[PDB]
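Undergrad: Below is the file data_6.csv, with CSV, C-alpha atoms and all ligand atoms.
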chain,number,residue,atom,x,y,z
S,1,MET,CA,0.0,0.0,0.0
S,2,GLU,CA,2.9,2.4,0.8
S,3,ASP,CA,4.2,2.1,-2.8
S,4,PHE,CA,0.7,2.3,-4.3
S,5,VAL,CA,0.2,5.7,-2.6
S,6,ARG,CA,3.5,7.0,-4.0
S,7,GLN,CA,2.6,5.9,-7.6
S,8,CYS,CA,-1.0,7.0,-7.4
S,9,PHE,CA,-0.8,10.6,-6.1
S,10,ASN,CA,1.6,13.3,-7.2
S,11,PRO,CA,4.7,14.0,-5.1
S,12,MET,CA,3.4,17.4,-3.9
S,13,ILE,CA,0.3,15.7,-2.4
S,14,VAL,CA,2.4,12.8,-1.0
S,15,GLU,CA,4.9,15.3,0.6
S,16,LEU,CA,2.0,17.3,2.2
S,17,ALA,CA,0.5,14.0,3.5
S,18,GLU,CA,3.7,12.9,5.1
S,19,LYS,CA,4.1,16.3,7.0
S,20,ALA,CA,0.5,16.1,8.1
S,21,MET,CA,1.0,12.6,9.6
S,22,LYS,CA,4.3,13.4,11.3
S,23,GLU,CA,2.9,16.5,13.1
S,24,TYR,CA,0.4,14.1,14.5
S,25,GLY,CA,3.0,11.4,15.4
S,26,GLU,CA,1.7,9.0,12.8
S,27,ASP,CA,4.1,7.0,10.6
S,28,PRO,CA,3.2,6.8,6.8
S,29,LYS,CA,5.2,3.5,6.6
S,30,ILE,CA,3.0,1.8,9.1
S,31,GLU,CA,-0.4,3.5,9.1
S,32,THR,CA,-0.6,3.2,5.3
S,33,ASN,CA,-4.4,3.4,5.1
S,34,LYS,CA,-4.4,6.7,6.8
S,35,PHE,CA,-1.6,7.8,4.4
S,36,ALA,CA,-3.9,6.9,1.4
S,37,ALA,CA,-6.9,8.7,3.0
S,38,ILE,CA,-5.0,11.9,3.6
S,39,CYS,CA,-3.6,11.9,0.1
S,40,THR,CA,-7.1,11.3,-1.3
S,41,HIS,CA,-8.6,14.1,0.9
S,42,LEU,CA,-5.9,16.5,-0.2
S,43,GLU,CA,-6.4,15.6,-3.9
S,44,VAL,CA,-10.2,16.3,-3.6
S,45,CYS,CA,-9.7,19.6,-1.9
S,46,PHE,CA,-7.4,20.8,-4.7
S,47,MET,CA,-9.7,19.5,-7.5
S,48,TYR,CA,-12.5,21.3,-5.7
S,49,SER,CA,-10.6,24.6,-5.5
S,50,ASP,CA,-9.9,24.2,-9.3
S,51,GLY,CA,-13.6,23.8,-10.0
S,52,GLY,CA,-14.4,27.5,-9.6
S,53,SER,CA,-13.6,30.7,-11.4
S,54,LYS,CA,-9.9,31.6,-10.9
S,55,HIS,CA,-10.1,33.7,-7.7
S,56,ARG,CA,-13.1,31.9,-6.1
S,57,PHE,CA,-11.5,29.9,-3.3
S,58,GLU,CA,-9.0,30.3,-0.4
S,59,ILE,CA,-7.2,27.0,0.1
S,60,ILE,CA,-6.8,26.3,3.8
S,61,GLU,CA,-6.1,22.6,4.0
S,62,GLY,CA,-2.5,21.4,3.2
S,63,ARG,CA,-1.0,24.5,4.8
S,64,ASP,CA,1.0,24.6,8.1
S,65,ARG,CA,-1.5,24.9,10.9
S,66,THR,CA,-0.3,28.3,12.2
S,67,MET,CA,-0.4,29.9,8.7
S,68,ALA,CA,-3.8,28.2,8.2
S,69,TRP,CA,-5.2,30.0,11.3
S,70,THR,CA,-3.7,33.3,10.2
S,71,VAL,CA,-5.5,33.2,6.8
S,72,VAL,CA,-8.7,32.1,8.5
S,73,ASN,CA,-8.5,35.2,10.8
S,74,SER,CA,-7.9,37.5,7.9
S,75,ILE,CA,-11.0,36.1,6.1
S,76,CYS,CA,-13.1,36.5,9.2
S,77,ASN,CA,-11.9,40.0,10.1
S,78,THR,CA,-12.6,41.2,6.6
S,79,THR,CA,-15.9,39.4,5.7
S,80,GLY,CA,-17.4,39.5,9.1
S,81,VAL,CA,-17.9,35.8,8.9
S,82,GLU,CA,-18.0,33.7,12.1
S,83,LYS,CA,-14.6,32.2,13.2
S,84,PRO,CA,-14.8,28.4,13.1
S,85,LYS,CA,-13.7,26.2,16.0
S,86,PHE,CA,-11.9,23.7,13.7
S,87,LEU,CA,-9.8,24.4,10.6
S,88,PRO,CA,-12.0,24.1,7.5
S,89,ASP,CA,-10.6,23.2,4.1
S,90,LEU,CA,-11.6,26.1,1.9
S,91,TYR,CA,-13.2,29.5,1.9
S,92,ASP,CA,-15.6,30.3,-0.9
S,93,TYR,CA,-15.3,34.0,-1.8
S,94,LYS,CA,-18.4,33.8,-4.0
S,95,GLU,CA,-20.8,32.3,-1.4
S,96,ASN,CA,-19.0,33.8,1.6
S,97,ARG,CA,-18.8,30.6,3.7
S,98,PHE,CA,-16.1,28.2,4.8
S,99,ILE,CA,-16.3,24.6,3.4
S,100,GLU,CA,-15.5,21.4,5.1
S,101,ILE,CA,-14.8,18.6,2.6
S,102,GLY,CA,-15.2,15.0,3.6
S,103,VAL,CA,-14.3,11.8,1.8
S,104,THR,CA,-15.7,8.6,3.3
S,105,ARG,CA,-15.7,4.8,2.7
S,106,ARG,CA,-18.9,4.6,4.7
S,107,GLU,CA,-22.4,6.1,3.8
S,108,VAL,CA,-22.3,9.8,3.1
S,109,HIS,CA,-25.0,10.8,5.5
S,110,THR,CA,-23.4,9.0,8.5
S,111,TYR,CA,-20.2,10.9,7.9
S,112,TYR,CA,-22.1,14.1,7.2
S,113,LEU,CA,-23.7,14.0,10.7
S,114,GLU,CA,-20.5,13.2,12.5
S,115,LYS,CA,-18.8,16.2,10.8
S,116,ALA,CA,-21.8,18.5,11.5
S,117,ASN,CA,-22.0,17.7,15.3
S,118,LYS,CA,-18.3,18.1,15.6
S,119,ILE,CA,-18.0,21.6,14.1
S,120,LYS,CA,-21.4,23.0,15.4
S,121,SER,CA,-21.7,25.8,12.8
S,122,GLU,CA,-24.9,27.2,11.1
S,123,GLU,CA,-22.4,28.9,8.8
S,124,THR,CA,-19.7,26.4,7.6
S,125,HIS,CA,-20.9,24.5,4.5
S,126,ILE,CA,-20.2,20.7,4.5
S,127,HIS,CA,-19.7,18.6,1.4
S,128,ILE,CA,-19.1,14.8,1.5
S,129,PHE,CA,-18.0,12.6,-1.2
S,130,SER,CA,-17.9,8.8,-1.2
S,131,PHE,CA,-15.9,6.2,-3.1
S,132,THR,CA,-19.3,5.1,-4.6
S,133,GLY,CA,-20.4,8.3,-6.4
S,134,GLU,CA,-22.6,9.7,-3.7
S,135,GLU,CA,-22.3,13.3,-2.5
S,136,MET,CA,-24.1,15.2,0.3
S,137,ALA,CA,-23.9,18.9,0.9
S,138,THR,CA,-25.5,21.3,3.4
S,139,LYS,CA,-28.9,22.3,2.1
S,140,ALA,CA,-28.4,20.2,-1.1
S,141,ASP,CA,-26.3,23.2,-2.3
S,142,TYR,CA,-23.3,21.5,-4.0
S,143,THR,CA,-21.4,24.7,-4.6
S,144,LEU,CA,-19.8,23.7,-7.9
S,145,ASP,CA,-21.3,22.7,-11.2
S,146,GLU,CA,-22.1,19.1,-12.1
S,147,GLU,CA,-19.1,18.8,-14.4
S,148,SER,CA,-16.6,19.6,-11.6
S,149,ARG,CA,-18.3,17.3,-9.0
S,150,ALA,CA,-18.4,14.4,-11.6
S,151,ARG,CA,-14.7,14.6,-12.3
S,152,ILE,CA,-14.0,14.3,-8.6
S,153,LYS,CA,-16.4,11.3,-8.3
S,154,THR,CA,-14.7,9.6,-11.2
S,155,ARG,CA,-11.3,10.1,-9.7
S,156,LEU,CA,-12.4,8.6,-6.4
S,157,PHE,CA,-13.9,5.6,-8.1
S,158,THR,CA,-10.6,5.1,-10.0
S,159,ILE,CA,-8.7,5.1,-6.7
S,160,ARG,CA,-11.0,2.4,-5.3
S,161,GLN,CA,-10.6,0.3,-8.5
S,162,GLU,CA,-6.8,0.7,-8.4
S,163,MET,CA,-6.8,-0.4,-4.8
S,164,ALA,CA,-9.2,-3.3,-5.4
S,165,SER,CA,-7.1,-4.6,-8.3
S,166,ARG,CA,-4.1,-4.9,-5.8
S,167,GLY,CA,-6.3,-6.4,-3.0
S,168,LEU,CA,-5.8,-3.3,-0.8
S,169,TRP,CA,-9.5,-2.2,-0.9
S,170,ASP,CA,-11.2,-4.3,1.7
S,171,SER,CA,-8.6,-3.3,4.3
S,172,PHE,CA,-8.9,0.4,3.3
S,173,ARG,CA,-12.8,0.2,3.6
S,174,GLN,CA,-12.7,-1.7,6.9
S,175,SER,CA,-10.1,0.6,8.4
S,176,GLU,CA,-12.4,3.7,8.5
S,177,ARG,CA,-14.9,1.6,10.5
S,178,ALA,CA,-12.2,0.3,13.0
S,179,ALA,CA,-11.2,3.9,13.6
S,180,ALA,CA,-14.6,5.6,14.3
S,201,LIG,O1,-8.4,18.9,8.6
S,201,LIG,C1,-8.9,17.7,8.6
S,201,LIG,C2,-8.5,16.7,9.7
S,201,LIG,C3,-9.2,15.5,9.6
S,201,LIG,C4,-8.9,14.5,10.6
S,201,LIG,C5,-9.5,13.2,10.5
S,201,LIG,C6,-10.4,12.9,9.5
S,201,LIG,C7,-10.8,13.9,8.6
S,201,LIG,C8,-10.2,15.2,8.6
S,201,LIG,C9,-10.5,16.2,7.6
S,201,LIG,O2,-11.4,16.0,6.7
S,201,LIG,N1,-9.9,17.4,7.6
S,201,LIG,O3,-10.2,18.3,6.8
S,202,MN,MN,-9.2,20.3,7.0
S,203,MN,MN,-12.0,17.8,5.3
Would you put the structure from the file into structure tokens?
Ligand SMILES: O=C1Cc2ccccc2C(=O)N1O
Ligand SMILES: [Mn+2]
Ligand SMILES: [Mn+2]

TA:
Amino acid sequence: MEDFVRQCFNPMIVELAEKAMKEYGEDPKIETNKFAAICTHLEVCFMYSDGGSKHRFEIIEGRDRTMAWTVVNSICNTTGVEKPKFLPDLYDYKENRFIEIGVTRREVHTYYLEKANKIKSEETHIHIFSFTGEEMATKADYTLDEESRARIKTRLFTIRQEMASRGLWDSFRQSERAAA
């Protein structure tokens, strides 16, 4: 699985995933499922940010924590938007809300509720993707056009197929359950 990750995602994503794990005392070489998941989540965030008009989104995820908070503070102090308790993934300058992006190997609505009760915001938009083509967003407002969401869904299903073809998929699906 370690090698699958490094040949599946680009080096920039992999490098960012390693940092993220190390700061949490996780080892990519051992917790290889978490490594895949972080890479996947990062890839979706970047695809999502690319789905809008050029200036639309502030990317928060994949930054150093401290600079992530600084940027969040700047957005809040300048839009008047409520400061979130937890670091979100993006800020949408068009819709004027933060976005939390989730990617789950379980049902989309289960994950959606866990994420919603954790953040406790009537402001932060939530948008979940599955490895099966399902999506769920706050107030059925999916933010992006169909084309952009579809590309992401396709990519996720390719990742699943690539994993399955190597026999890594069961273990990767089970692992999110054994975590929760
Ligand atoms: O920043 C985080 C941290 C995290 C931790 C564990 C599971 C999902 C996430 C997640 O989706 N984001 O965005
Ligand atoms: Mn995040
Ligand atoms: Mn997220």

Undergrad: Please provide the set of residues having any atom within 12 Å of residue S:6, restricted to all atoms listed in the file, with same-chain residues fewer than 4 positions apart removed, written as a ChimeraX atom specification.

TA: /S:1-2,10-15,17-18,28-29,32,35-36,39-40

Undergrad: Please list as a list in words every residue within 6 Å of stretch 124-132 of chain S, counting all atoms listed in the file and excluding residues in the same chain fewer than 5 positions away.

TA: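 Those residues are residues 97, 98, 99, 100, 101, 102, 103, 104, 105, 137, 138, 156 and 157 of chain S.
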
Undergrad: Could you tell me which of S:56, S:63, S:34, S:173 comes closest to ligand MN 202 (chain S) if we count all atoms listed in the file?

TA: S:63

Undergrad: Nearest residue to residue S:70 out of S:162, S:4, S:134, S:83, using only C-alpha atoms?

TA: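 Under the stated criterion, the closest residue is S:83.
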
Undergrad: Would you please work out which residue, of S:133, S:25, S:52, S:62, is nearest to ligand LIG 201 (chain S) when using only C-alpha atoms and all ligand atoms?

TA: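 Closest residue, counting only C-alpha atoms and all ligand atoms: S:62.
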
Undergrad: For atom CA of residue S:158 and atom CA of residue S:139, determine how far apart the two atoms are, in Å to one decimal place.

TA: 27.9 Å

Undergrad: Determine the nearest neighbour of residue S:43 from the options S:140, S:8, S:179, S:150, counting all atoms listed in the file.

TA: S:8

Undergrad: Do you know which residues are at most 9 Å from residue S:72 counting all atoms listed in the file, after dropping those on the same chain fewer than 2 positions away, and could you put them as a list in words?

TA: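 In the requested format, the answer is residues 60, 67, 68, 69, 70, 74, 75, 76, 77, 83, 84, 87, 88 and 91 of chain S.
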
Undergrad: Could you dump the residues just selected with C-alpha atoms as a tab-separated table (two decimals), in the frame of the given file?

TA:
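selection.tsv, written as the output of this step:
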chain	number	residue	atom	x	y	z
S	60	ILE	CA	-6.80	26.30	3.80
S	67	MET	CA	-0.40	29.90	8.70
S	68	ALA	CA	-3.80	28.20	8.20
S	69	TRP	CA	-5.20	30.00	11.30
S	70	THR	CA	-3.70	33.30	10.20
S	74	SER	CA	-7.90	37.50	7.90
S	75	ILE	CA	-11.00	36.10	6.10
S	76	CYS	CA	-13.10	36.50	9.20
S	77	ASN	CA	-11.90	40.00	10.10
S	83	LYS	CA	-14.60	32.20	13.20
S	84	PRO	CA	-14.80	28.40	13.10
S	87	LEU	CA	-9.80	24.40	10.60
S	88	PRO	CA	-12.00	24.10	7.50
S	91	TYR	CA	-13.20	29.50	1.90

Undergrad: Out of S:170, S:89, S:95, S:176, which residue has the shortest atom-to-atom distance to ligand MN 202 (chain S) when counting all atoms listed in the file?

TA: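 Closest to ligand MN 202 (chain S) of all the choices is S:89.
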
Undergrad: I need the residue nearest residue S:33 from this list: S:55, S:154, S:5, S:65. Use only C-alpha atoms for the distance.

TA: S:5

Undergrad: Separation of atom CA of residue S:117 and atom CA of residue S:85, in Å?

TA: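 Answer for the atom CA of residue S:117 to atom CA of residue S:85 separation: 11.9 Å.
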